Amino acid sequence: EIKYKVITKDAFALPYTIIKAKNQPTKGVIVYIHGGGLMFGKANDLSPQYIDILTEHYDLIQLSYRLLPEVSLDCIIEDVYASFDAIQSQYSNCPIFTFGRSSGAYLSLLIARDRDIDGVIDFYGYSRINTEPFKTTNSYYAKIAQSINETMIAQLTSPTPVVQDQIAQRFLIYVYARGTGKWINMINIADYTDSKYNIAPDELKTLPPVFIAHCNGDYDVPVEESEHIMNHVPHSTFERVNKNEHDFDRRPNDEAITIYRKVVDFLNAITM
């Protein structure tokens, strides 16, 4: 693991790590964007086992961005693109991919629209925020959301922006947000319906190939968000996992490993 940083316009350090391809030279660079509903998480949240599969022949770069609610989604997008551009310049003549999980896959798809890359790996993400499941109360999160209060939640935030959880239970900010339907409010942008944040059909149509893995019974991001992408993009591969889970790869079970190996196959076809 090798550490770098990108210095933002506002003089904030965004760390990123590069893990090098095991068998050299690299076939490509995979820019990894972690999940956490834009509100919690950390860049180094991938199991070692997944990293070993991905980095056999690819470099894996784990990027960071400032989290909600201490910054807005406009700031997140700015951090992601500043980190992406710093990484892309370092791989000038080389295939490059975005790989996100959950909200990281959303960020990975924005990069795919606004930069020129060779493919996207979308694990249980989405291409838009202007959708009813994100606007309204989420059933799965509602009970826990109702068992905390706003002071409880405000004290899980940081007095200044962070790129990873500063307290173990920061994730309750996200449970609260989904469970009360305030997640769009906490994104804190002027107009969440704007095409900046919602990839248009004509834009989806021009995306590079997309690998999608999504559980049909996902309680956090409906599987329809993946079906929506498949309604427009020209090249897709879809693993539609028959589970009532969101992060089906939380543990490196055999089914999860198989999907990761399929990811590499998808990359190999592209870089051949």
# chains A, B, ... in the order shown; residues from 1 in each chain; ligands from 1
call {"tool": "closest_atom_pairs", "arguments": {"of": "stretch 57-166 of chain A", "to": "stretch 201-214 of chain A", "cutoff": "8 Å", "atoms": "only C-alpha atoms", "output": "Markdown table"}}
result
| residue | atom | partner | partner_atom | distance |
| --- | --- | --- | --- | --- |
| A:112 | CA | A:207 | CA | 6.4 |
| A:113 | CA | A:207 | CA | 6.4 |
| A:117 | CA | A:208 | CA | 7.0 |
| A:118 | CA | A:208 | CA | 5.8 |
| A:119 | CA | A:209 | CA | 4.9 |
| A:120 | CA | A:210 | CA | 4.8 |
| A:121 | CA | A:211 | CA | 4.7 |
| A:122 | CA | A:212 | CA | 4.9 |
| A:123 | CA | A:213 | CA | 4.9 |
| A:124 | CA | A:214 | CA | 4.7 |
call {"tool": "select_by_dssp", "arguments": {"residues": "stretch 19-260 of chain A", "states": "strand (DSSP E)", "output": "PyMOL selection string"}}
result
chain A and resi 19+28-33+58-63+96-101+119-123+210-215+236-241
call {"tool": "write_last_selection", "arguments": {"atoms": "C-alpha atoms", "output": "short mmCIF file (atom, residue, chain, number, x, y, z; two decimals), in the first residue's frame"}}
result
data_model
loop_
_atom_site.label_atom_id
_atom_site.label_comp_id
_atom_site.auth_asym_id
_atom_site.auth_seq_id
_atom_site.Cartn_x
_atom_site.Cartn_y
_atom_site.Cartn_z
CA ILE A 19 -2.10 -1.01 -4.35
CA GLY A 28 -5.27 -1.06 -16.02
CA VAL A 29 -6.22 1.08 -13.05
CA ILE A 30 -9.35 0.52 -11.02
CA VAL A 31 -10.41 3.64 -9.11
CA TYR A 32 -12.37 2.43 -6.11
CA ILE A 33 -15.05 4.54 -4.41
CA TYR A 58 -4.83 -4.26 -12.20
CA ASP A 59 -3.79 -1.39 -9.92
CA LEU A 60 -6.40 -0.56 -7.28
CA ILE A 61 -6.65 3.06 -6.13
CA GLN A 62 -8.84 3.76 -3.09
CA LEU A 63 -9.99 7.37 -3.11
CA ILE A 96 -8.92 3.18 -16.34
CA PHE A 97 -12.10 2.01 -14.57
CA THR A 98 -14.35 3.18 -11.73
CA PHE A 99 -15.56 0.65 -9.18
CA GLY A 100 -18.07 1.76 -6.57
CA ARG A 101 -20.28 0.14 -3.97
CA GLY A 119 -15.66 0.86 -17.89
CA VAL A 120 -17.63 0.99 -14.66
CA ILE A 121 -18.21 -1.61 -11.96
CA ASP A 122 -21.48 -0.81 -10.13
CA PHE A 123 -22.18 -2.79 -6.99
CA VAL A 210 -21.12 -1.31 -17.00
CA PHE A 211 -20.85 -4.38 -14.74
CA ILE A 212 -23.83 -4.47 -12.32
CA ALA A 213 -24.26 -6.70 -9.21
CA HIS A 214 -27.43 -6.08 -7.24
CA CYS A 215 -29.70 -8.14 -4.95
CA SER A 236 -23.95 -4.32 -19.51
CA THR A 237 -23.35 -7.47 -17.54
CA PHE A 238 -25.80 -8.06 -14.72
CA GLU A 239 -25.61 -10.30 -11.67
CA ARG A 240 -29.03 -10.22 -10.16
CA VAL A 241 -28.46 -11.84 -6.77
#
call {"tool": "residues_around", "arguments": {"residues": "residue A:55", "least_positions_apart": "6", "cutoff": "7 Å", "atoms": "only C-alpha atoms", "output": "number ranges by chain"}}
result
A: 20-22
call {"tool": "write_last_selection", "arguments": {"atoms": "N, CA and C atoms", "output": "compact mmCIF listing (two decimals), in the first residue's frame"}}
result
# COMPACT_ATOMS: atom_id res chain seq x y z
N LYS A 20 -0.47 -1.83 -5.96
CA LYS A 20 0.04 -2.21 -7.28
C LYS A 20 -0.37 -3.60 -7.74
N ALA A 21 -0.55 -3.74 -9.06
CA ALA A 21 -0.76 -5.06 -9.69
C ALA A 21 0.35 -6.03 -9.29
N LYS A 22 -0.03 -7.25 -8.88
CA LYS A 22 0.90 -8.30 -8.45
C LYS A 22 1.83 -8.77 -9.56
call {"tool": "atom_distance", "arguments": {"atom1": "atom CA of residue A:186", "atom2": "atom CA of residue A:168"}}
result
20.0 Å
call {"tool": "residues_around", "arguments": {"residues": "residue A:68", "least_positions_apart": "4", "cutoff": "7 Å", "atoms": "only C-alpha atoms", "output": "JSON list (two decimals) with C-alpha atoms, in the first residue's frame"}}
result
[["chain", "number", "residue", "atom", "x", "y", "z"],
["A", 38, "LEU", "CA", -22.29, 9.59, 1.30],
["A", 39, "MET", "CA", -22.35, 9.99, 5.13],
["A", 72, "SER", "CA", -22.58, 19.18, 0.58],
["A", 186, "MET", "CA", -28.77, 16.31, 4.12],
["A", 187, "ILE", "CA", -27.27, 16.23, 0.57]]
call {"tool": "closest_atom_pairs", "arguments": {"of": "stretch 169-247 of chain A", "to": "stretch 141-147 of chain A", "cutoff": "6 Å", "atoms": "only C-alpha atoms", "output": "JSON lines"}}
result
{"residue": "A:175", "atom": "CA", "partner": "A:141", "partner_atom": "CA", "distance": 5.5}
{"residue": "A:176", "atom": "CA", "partner": "A:145", "partner_atom": "CA", "distance": 4.4}
{"residue": "A:179", "atom": "CA", "partner": "A:142", "partner_atom": "CA", "distance": 3.9}
call {"tool": "write_last_selection", "arguments": {"atoms": "N, CA, C and O atoms", "output": "PDB file, in the first residue's frame"}}
result
ATOM      1  N   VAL A 175     -28.760   6.001   8.919  1.00  0.00           N
ATOM      2  CA  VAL A 175     -29.974   5.281   9.296  1.00  0.00           C
ATOM      3  C   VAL A 175     -31.084   6.286   9.597  1.00  0.00           C
ATOM      4  O   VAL A 175     -32.250   6.142   9.155  1.00  0.00           O
ATOM      5  N   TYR A 176     -30.713   7.323  10.331  1.00  0.00           N
ATOM      6  CA  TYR A 176     -31.655   8.368  10.689  1.00  0.00           C
ATOM      7  C   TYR A 176     -32.150   9.073   9.420  1.00  0.00           C
ATOM      8  O   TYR A 176     -33.350   9.285   9.245  1.00  0.00           O
ATOM      9  N   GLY A 179     -34.346   6.665   7.408  1.00  0.00           N
ATOM     10  CA  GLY A 179     -35.503   6.299   8.168  1.00  0.00           C
ATOM     11  C   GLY A 179     -36.500   7.434   8.417  1.00  0.00           C
ATOM     12  O   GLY A 179     -37.634   7.181   8.918  1.00  0.00           O
TER      13      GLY A 179
END
call {"tool": "closest_residue", "arguments": {"among": "A:84, A:95, A:69, A:226", "to": "residue A:57", "atoms": "only C-alpha atoms"}}
result
A:95
call {"tool": "closest_residue", "arguments": {"among": "A:242, A:185, A:247, A:75", "to": "residue A:10", "atoms": "only C-alpha atoms"}}
result
A:75
call {"tool": "atom_distance", "arguments": {"atom1": "atom CA of residue A:167", "atom2": "atom CA of residue A:155"}}
result
9.9 Å
call {"tool": "residues_around", "arguments": {"residues": "residue A:5", "least_positions_apart": "5", "cutoff": "9 Å", "atoms": "only C-alpha atoms", "output": "JSON list (two decimals) with N, CA, C and O atoms, in the first residue's frame"}}
result
[["chain", "number", "residue", "atom", "x", "y", "z"],
["A", 13, "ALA", "N", -6.62, 18.22, 2.37],
["A", 13, "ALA", "CA", -5.94, 17.01, 1.89],
["A", 13, "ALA", "C", -6.91, 15.83, 1.70],
["A", 13, "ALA", "O", -7.70, 15.49, 2.62],
["A", 14, "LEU", "N", -6.95, 15.25, 0.49],
["A", 14, "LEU", "CA", -7.74, 14.05, 0.26],
["A", 14, "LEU", "C", -6.74, 12.94, 0.05],
["A", 14, "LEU", "O", -6.07, 12.93, -0.97],
["A", 15, "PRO", "N", -6.61, 12.03, 1.02],
["A", 15, "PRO", "CA", -5.67, 10.92, 0.85],
["A", 15, "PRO", "C", -6.20, 9.93, -0.18],
["A", 15, "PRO", "O", -7.41, 9.83, -0.37],
["A", 16, "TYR", "N", -5.29, 9.26, -0.87],
["A", 16, "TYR", "CA", -5.63, 8.08, -1.63],
["A", 16, "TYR", "C", -4.47, 7.11, -1.56],
["A", 16, "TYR", "O", -3.33, 7.53, -1.30],
["A", 17, "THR", "N", -4.80, 5.82, -1.68],
["A", 17, "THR", "CA", -3.85, 4.71, -1.67],
["A", 17, "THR", "C", -3.88, 3.97, -3.00],
["A", 17, "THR", "O", -4.94, 3.79, -3.63],
["A", 83, "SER", "N", -9.71, 14.06, -7.06],
["A", 83, "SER", "CA", -8.94, 12.85, -6.79],
["A", 83, "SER", "C", -8.84, 12.02, -8.07],
["A", 83, "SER", "O", -7.74, 11.58, -8.46],
["A", 86, "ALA", "N", -6.27, 13.66, -10.51],
["A", 86, "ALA", "CA", -4.92, 13.44, -10.02],
["A", 86, "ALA", "C", -4.51, 11.99, -10.29],
["A", 86, "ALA", "O", -3.41, 11.73, -10.72]]
call {"tool": "select_by_dssp", "arguments": {"residues": "stretch 80-248 of chain A", "states": "helix (DSSP H, G or I)", "output": "short mmCIF file (atom, residue, chain, number, x, y, z; two decimals) with N, CA, C and O atoms, in the first residue's frame"}}
result
data_model
loop_
_atom_site.label_atom_id
_atom_site.label_comp_id
_atom_site.auth_asym_id
_atom_site.auth_seq_id
_atom_site.Cartn_x
_atom_site.Cartn_y
_atom_site.Cartn_z
N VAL A 80 -14.21 14.10 -5.39
CA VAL A 80 -14.11 12.90 -6.20
C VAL A 80 -13.39 13.19 -7.55
O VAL A 80 -12.47 12.48 -7.96
N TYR A 81 -13.81 14.23 -8.25
CA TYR A 81 -13.22 14.58 -9.54
C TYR A 81 -11.77 15.11 -9.38
O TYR A 81 -10.94 14.87 -10.23
N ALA A 82 -11.47 15.81 -8.28
CA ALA A 82 -10.08 16.28 -8.04
C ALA A 82 -9.20 15.05 -7.79
O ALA A 82 -8.12 14.96 -8.31
N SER A 83 -9.71 14.06 -7.06
CA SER A 83 -8.94 12.85 -6.79
C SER A 83 -8.84 12.02 -8.07
O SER A 83 -7.74 11.58 -8.46
N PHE A 84 -9.97 11.83 -8.74
CA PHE A 84 -9.94 11.13 -10.01
C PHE A 84 -8.92 11.71 -10.99
O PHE A 84 -8.16 10.94 -11.57
N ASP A 85 -8.89 13.04 -11.15
CA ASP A 85 -8.00 13.68 -12.15
C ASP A 85 -6.55 13.58 -11.79
O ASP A 85 -5.69 13.42 -12.68
N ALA A 86 -6.27 13.66 -10.51
CA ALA A 86 -4.92 13.44 -10.02
C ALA A 86 -4.51 11.99 -10.29
O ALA A 86 -3.41 11.73 -10.72
N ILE A 87 -5.42 11.05 -10.10
CA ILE A 87 -5.11 9.63 -10.41
C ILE A 87 -4.98 9.39 -11.90
O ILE A 87 -4.02 8.74 -12.32
N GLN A 88 -5.93 9.88 -12.70
CA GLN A 88 -5.87 9.68 -14.15
C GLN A 88 -4.56 10.23 -14.76
O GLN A 88 -3.95 9.55 -15.57
N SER A 89 -4.11 11.42 -14.35
CA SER A 89 -2.86 11.95 -14.92
C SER A 89 -1.69 10.99 -14.68
O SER A 89 -0.77 10.90 -15.50
N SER A 103 -23.42 4.11 -2.72
CA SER A 103 -23.24 5.48 -3.15
C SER A 103 -21.91 5.72 -3.87
O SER A 103 -21.81 6.64 -4.66
N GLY A 104 -20.89 4.92 -3.61
CA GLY A 104 -19.67 4.99 -4.40
C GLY A 104 -19.86 4.64 -5.86
O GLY A 104 -19.12 5.16 -6.73
N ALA A 105 -20.83 3.75 -6.14
CA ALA A 105 -21.14 3.38 -7.53
C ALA A 105 -21.84 4.54 -8.22
O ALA A 105 -21.58 4.81 -9.40
N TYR A 106 -22.69 5.27 -7.49
CA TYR A 106 -23.25 6.54 -8.00
C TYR A 106 -22.14 7.53 -8.40
O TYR A 106 -22.11 8.01 -9.55
N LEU A 107 -21.19 7.77 -7.50
CA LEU A 107 -20.04 8.63 -7.82
C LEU A 107 -19.21 8.10 -9.00
O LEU A 107 -18.74 8.88 -9.83
N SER A 108 -19.05 6.78 -9.08
CA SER A 108 -18.32 6.14 -10.17
C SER A 108 -19.01 6.33 -11.52
O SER A 108 -18.36 6.53 -12.55
N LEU A 109 -20.34 6.33 -11.52
CA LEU A 109 -21.10 6.58 -12.73
C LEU A 109 -21.05 8.04 -13.15
O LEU A 109 -21.04 8.30 -14.37
N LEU A 110 -21.05 8.98 -12.19
CA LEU A 110 -20.87 10.42 -12.54
C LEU A 110 -19.52 10.66 -13.25
O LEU A 110 -19.41 11.40 -14.29
N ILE A 111 -18.48 10.05 -12.70
CA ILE A 111 -17.16 10.11 -13.32
C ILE A 111 -17.25 9.56 -14.77
O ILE A 111 -16.81 10.21 -15.71
N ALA A 112 -17.87 8.40 -14.94
CA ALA A 112 -18.08 7.82 -16.27
C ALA A 112 -18.81 8.73 -17.26
O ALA A 112 -18.54 8.66 -18.44
N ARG A 113 -19.71 9.59 -16.78
CA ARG A 113 -20.37 10.54 -17.67
C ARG A 113 -19.45 11.72 -17.99
O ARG A 113 -19.44 12.21 -19.11
N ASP A 114 -18.69 12.20 -16.99
CA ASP A 114 -17.99 13.49 -17.10
C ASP A 114 -16.49 13.40 -17.46
O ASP A 114 -15.82 14.42 -17.56
N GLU A 132 -38.17 8.14 -5.88
CA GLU A 132 -39.06 8.22 -4.70
C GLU A 132 -38.46 7.52 -3.44
O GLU A 132 -38.57 8.06 -2.32
N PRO A 133 -37.84 6.36 -3.61
CA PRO A 133 -37.19 5.69 -2.46
C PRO A 133 -36.13 6.53 -1.75
O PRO A 133 -35.87 6.28 -0.57
N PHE A 134 -35.48 7.47 -2.45
CA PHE A 134 -34.57 8.39 -1.78
C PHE A 134 -35.21 9.63 -1.18
O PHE A 134 -34.67 10.23 -0.26
N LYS A 135 -36.36 10.02 -1.70
CA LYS A 135 -37.11 11.15 -1.20
C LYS A 135 -37.94 10.80 0.04
O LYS A 135 -38.05 11.59 0.97
N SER A 139 -38.63 2.14 4.97
CA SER A 139 -39.17 1.18 5.96
C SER A 139 -38.14 0.45 6.79
O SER A 139 -38.33 0.23 7.99
N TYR A 140 -37.11 -0.03 6.12
CA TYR A 140 -36.08 -0.83 6.77
C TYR A 140 -35.38 -0.03 7.87
O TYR A 140 -35.06 -0.58 8.90
N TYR A 141 -35.17 1.27 7.64
CA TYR A 141 -34.44 2.13 8.60
C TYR A 141 -35.28 2.85 9.64
O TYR A 141 -34.75 3.40 10.60
N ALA A 142 -36.61 2.87 9.43
CA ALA A 142 -37.53 3.69 10.24
C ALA A 142 -37.53 3.41 11.76
O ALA A 142 -37.52 4.36 12.58
N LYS A 143 -37.51 2.14 12.18
CA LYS A 143 -37.60 1.81 13.62
C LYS A 143 -36.39 2.36 14.39
O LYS A 143 -36.55 3.03 15.41
N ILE A 144 -35.19 2.07 13.89
CA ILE A 144 -33.98 2.55 14.52
C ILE A 144 -33.96 4.06 14.48
O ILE A 144 -33.61 4.71 15.49
N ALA A 145 -34.37 4.64 13.34
CA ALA A 145 -34.41 6.10 13.22
C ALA A 145 -35.29 6.74 14.29
O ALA A 145 -34.92 7.74 14.88
N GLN A 146 -36.42 6.13 14.56
CA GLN A 146 -37.34 6.58 15.60
C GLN A 146 -36.84 6.37 17.04
O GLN A 146 -37.46 6.89 17.97
N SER A 147 -35.76 5.61 17.23
CA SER A 147 -35.30 5.27 18.60
C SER A 147 -34.15 6.18 19.01
O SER A 147 -33.70 6.13 20.17
N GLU A 150 -32.50 13.95 17.42
CA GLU A 150 -31.65 14.86 16.64
C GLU A 150 -30.39 15.33 17.38
O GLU A 150 -29.44 15.76 16.73
N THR A 151 -30.40 15.30 18.71
CA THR A 151 -29.20 15.68 19.45
C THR A 151 -28.24 14.52 19.37
O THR A 151 -27.08 14.72 19.08
N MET A 152 -28.76 13.32 19.65
CA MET A 152 -28.04 12.05 19.51
C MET A 152 -27.31 12.08 18.17
O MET A 152 -26.11 11.89 18.13
N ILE A 153 -28.04 12.37 17.09
CA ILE A 153 -27.46 12.37 15.73
C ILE A 153 -26.49 13.52 15.50
O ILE A 153 -25.43 13.33 14.90
N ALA A 154 -26.78 14.71 16.04
CA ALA A 154 -25.88 15.84 15.82
C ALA A 154 -24.55 15.57 16.51
O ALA A 154 -23.50 15.99 16.04
N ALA A 168 -17.12 5.46 15.84
CA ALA A 168 -17.61 4.18 15.39
C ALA A 168 -19.05 4.26 14.95
O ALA A 168 -19.37 3.62 13.95
N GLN A 169 -19.93 5.02 15.64
CA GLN A 169 -21.35 4.91 15.30
C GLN A 169 -21.93 5.98 14.37
O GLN A 169 -23.10 6.23 14.28
N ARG A 170 -21.05 6.56 13.58
CA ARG A 170 -21.43 7.60 12.69
C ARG A 170 -22.51 7.10 11.74
O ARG A 170 -23.35 7.88 11.31
N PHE A 171 -22.49 5.81 11.42
CA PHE A 171 -23.49 5.27 10.50
C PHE A 171 -24.96 5.51 10.89
O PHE A 171 -25.84 5.52 10.01
N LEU A 172 -25.22 5.79 12.17
CA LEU A 172 -26.58 6.11 12.59
C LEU A 172 -27.10 7.39 11.98
O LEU A 172 -28.30 7.55 11.90
N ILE A 173 -26.20 8.30 11.58
CA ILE A 173 -26.61 9.52 10.86
C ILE A 173 -27.34 9.14 9.56
O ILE A 173 -28.36 9.74 9.19
N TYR A 174 -26.83 8.11 8.89
CA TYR A 174 -27.43 7.61 7.63
C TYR A 174 -28.75 6.84 7.89
O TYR A 174 -29.73 7.01 7.16
N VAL A 175 -28.76 6.00 8.92
CA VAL A 175 -29.97 5.28 9.30
C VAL A 175 -31.08 6.29 9.60
O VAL A 175 -32.25 6.14 9.15
N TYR A 176 -30.71 7.32 10.33
CA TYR A 176 -31.66 8.37 10.69
C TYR A 176 -32.15 9.07 9.42
O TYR A 176 -33.35 9.29 9.25
N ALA A 177 -31.21 9.46 8.57
CA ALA A 177 -31.57 10.17 7.34
C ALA A 177 -32.55 9.37 6.45
O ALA A 177 -33.62 9.91 6.01
N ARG A 178 -32.21 8.11 6.14
CA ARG A 178 -33.14 7.24 5.37
C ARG A 178 -34.44 6.95 6.10
O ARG A 178 -35.53 6.92 5.49
N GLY A 179 -34.35 6.67 7.41
CA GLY A 179 -35.50 6.30 8.17
C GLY A 179 -36.50 7.43 8.42
O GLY A 179 -37.63 7.18 8.92
N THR A 180 -36.08 8.69 8.18
CA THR A 180 -36.99 9.85 8.34
C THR A 180 -37.26 10.52 7.01
O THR A 180 -38.01 11.53 6.94
N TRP A 183 -32.76 12.30 3.79
CA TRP A 183 -31.47 12.09 3.12
C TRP A 183 -31.22 13.13 2.02
O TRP A 183 -30.13 13.64 1.91
N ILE A 184 -32.23 13.43 1.21
CA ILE A 184 -32.09 14.50 0.21
C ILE A 184 -31.82 15.88 0.85
O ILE A 184 -31.07 16.71 0.33
N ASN A 185 -32.39 16.12 2.02
CA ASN A 185 -32.15 17.36 2.73
C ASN A 185 -30.71 17.46 3.15
O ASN A 185 -30.09 18.52 3.04
N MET A 186 -30.15 16.34 3.61
CA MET A 186 -28.77 16.31 4.12
C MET A 186 -27.70 16.35 3.01
O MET A 186 -26.58 16.78 3.26
N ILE A 187 -28.09 16.01 1.78
CA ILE A 187 -27.27 16.23 0.57
C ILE A 187 -26.97 17.73 0.36
O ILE A 187 -25.89 18.09 -0.09
N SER A 195 -29.78 18.02 -13.62
CA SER A 195 -29.13 16.93 -14.41
C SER A 195 -27.71 16.66 -13.97
O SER A 195 -27.18 15.58 -14.20
N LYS A 196 -27.09 17.62 -13.28
CA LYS A 196 -25.81 17.35 -12.63
C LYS A 196 -25.82 16.07 -11.78
O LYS A 196 -24.84 15.31 -11.79
N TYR A 197 -26.90 15.84 -11.05
CA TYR A 197 -26.97 14.76 -10.06
C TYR A 197 -27.78 13.52 -10.51
O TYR A 197 -27.91 12.58 -9.74
N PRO A 201 -31.05 9.95 -19.81
CA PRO A 201 -31.04 8.80 -20.73
C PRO A 201 -29.99 8.90 -21.86
O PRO A 201 -29.33 7.89 -22.17
N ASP A 202 -29.85 10.09 -22.45
CA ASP A 202 -28.92 10.31 -23.56
C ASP A 202 -27.46 10.20 -23.13
O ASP A 202 -26.60 9.86 -23.94
N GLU A 203 -27.21 10.48 -21.85
CA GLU A 203 -25.92 10.34 -21.23
C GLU A 203 -25.65 8.87 -20.85
O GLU A 203 -24.54 8.39 -21.10
N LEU A 204 -26.65 8.17 -20.33
CA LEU A 204 -26.52 6.73 -20.04
C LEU A 204 -26.16 5.93 -21.31
O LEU A 204 -25.32 5.01 -21.30
N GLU A 224 -34.57 -1.86 -8.98
CA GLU A 224 -34.97 -0.99 -10.10
C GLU A 224 -33.97 0.09 -10.51
O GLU A 224 -33.98 0.53 -11.69
N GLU A 225 -33.08 0.53 -9.61
CA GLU A 225 -32.06 1.52 -10.00
C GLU A 225 -31.06 0.92 -11.00
O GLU A 225 -30.61 1.61 -11.94
N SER A 226 -30.77 -0.36 -10.82
CA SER A 226 -29.92 -1.07 -11.77
C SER A 226 -30.67 -1.37 -13.07
O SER A 226 -30.08 -1.21 -14.17
N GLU A 227 -31.95 -1.78 -12.96
CA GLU A 227 -32.80 -2.01 -14.16
C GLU A 227 -32.88 -0.72 -14.97
O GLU A 227 -32.76 -0.75 -16.19
N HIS A 228 -32.99 0.42 -14.30
CA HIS A 228 -32.99 1.73 -15.00
C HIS A 228 -31.72 1.95 -15.86
O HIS A 228 -31.81 2.44 -17.00
N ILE A 229 -30.57 1.60 -15.31
CA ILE A 229 -29.31 1.77 -16.04
C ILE A 229 -29.31 0.83 -17.26
O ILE A 229 -29.05 1.26 -18.39
N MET A 230 -29.73 -0.40 -17.02
CA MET A 230 -29.83 -1.41 -18.09
C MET A 230 -30.86 -1.07 -19.14
O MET A 230 -30.83 -1.64 -20.24
#
call {"tool": "closest_residue", "arguments": {"among": "A:136, A:164, A:198, A:255", "to": "residue A:45", "atoms": "only C-alpha atoms"}}
result
A:164
call {"tool": "atom_distance", "arguments": {"atom1": "atom CA of residue A:217", "atom2": "atom CA of residue A:262"}}
result
21.3 Å
